[PDB]
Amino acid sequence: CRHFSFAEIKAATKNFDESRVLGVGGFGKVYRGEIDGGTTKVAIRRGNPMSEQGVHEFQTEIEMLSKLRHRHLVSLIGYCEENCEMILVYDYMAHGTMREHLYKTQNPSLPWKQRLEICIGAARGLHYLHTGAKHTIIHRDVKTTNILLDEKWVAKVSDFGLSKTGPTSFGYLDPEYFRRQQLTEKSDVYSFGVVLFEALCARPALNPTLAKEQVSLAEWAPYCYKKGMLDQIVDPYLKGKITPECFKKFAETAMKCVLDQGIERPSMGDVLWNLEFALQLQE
C-alpha cells in the first residue's frame, strides 16, 4: 500500500483542476490524474477530514482494500493522510459506472451479452468478498453506481466505505435488516438482485413518482414476472434479444436474490453459476 505525499497528489491532479473532476459524492470530489511520470491513470478521492463519517469511511476503505486483490474489484493504489488530509488513490475506470450506461444518459445502450458479462464480473467480485478474504466481507452498498467499467469493459466492484468484516441507498436496502437487525452476506445478495433487475429493465431501483406498486424495482419486477408481464417492463433495446431460456434463468435468479428472508436467498456462488448458465443459454 503506497503512501503518496500531498505534492504528488497535487501534481497528479494538476492542482485539483476542475478540468479533472470526475464527480462529487458524499465523501468528496473525485479527480482523474496520472502518476509515475504519466504512465498510470488514477482516480483520486479528496475527502473532508472534519467529518466523522468521512474519517470512518477513509479508514474502512484502507483496512479493507489494502489486503484484497481481484480482477473484479477496483484496486487501491495508495492514500495520502499528509497535512491531516484524507485522499484515496485508485485505478482509473475509463467507462465510468454501470448506471451511466443503463438509463438517464446519452451513452448508447449496451448489447445483452455485454450486460450479462458485466453482471457475471460483478458477481465474481462479490463472491470473492464473501469467500476469498480471511473473513466474510459484507460490502453493504452494492448498487449500479458502485460497479465501474474499465476501458475493456471489465466490471469492478468499488466503494468499500460501508463494508464490515469478521466473525461477529434506498432502493437497495435489505428490508429484512429492518426486522431481524442482523448482518449477513445475504444482504449483498439482495442488493445484487436489484442490480440484475436494473440491467434488464434499465430504470432506477427506486422511482418515488410512480404508482405505489412500481416505486421499488425489488418489488415490482418479481410481481411482473409472476403475472407474466416482465417482458413488458424490460429495457426497450432488449426486446426480442434475450432467448426464452436465458430470460427465464436470469429472471428466476434475480427473483430468488430479492426474497424477503435472507435464509432463502442463494449464496453469491450460486448466483454466479446461474448467470454463467444463463449466458450459455443465450448462445
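Note that residue numbering follows the sequence shown and begins at 1.
- Unmodelled residues of the deposited sequence between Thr168 and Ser169: 10 or more.
- When 229-237 is weighed against 45-53, 45-53 comes out higher, by mean CA B-factor as recorded in the entry.
- Averaged over CA atoms, B-factors in the entry run higher in 85-93 than in the other of 85-93 and 121-129.
- Between the residues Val74, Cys80, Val195, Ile147, it is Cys80 that shows the highest Cα B-factor in the PDB record.
- If you compare the C-alpha temperature factors of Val215, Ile35, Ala251, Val258 in the entry, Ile35 comes out highest.
- For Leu279, the recorded CA temperature factor ranks within the lowest third of the chain's modelled residues.
- Ranked by C-alpha B-factor against the other modelled residues of its chain, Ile263 falls in the middle third.
- Placement of the Cα temperature factor of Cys246 within the chain: lowest third of the modelled residues, per the deposited record.
- Remark: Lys104 belongs to the highest third of its chain, ranked by C-alpha B-factor as recorded.
- Ranked by Cα temperature factor within the chain, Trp112 sits in the lowest third according to the deposited record.
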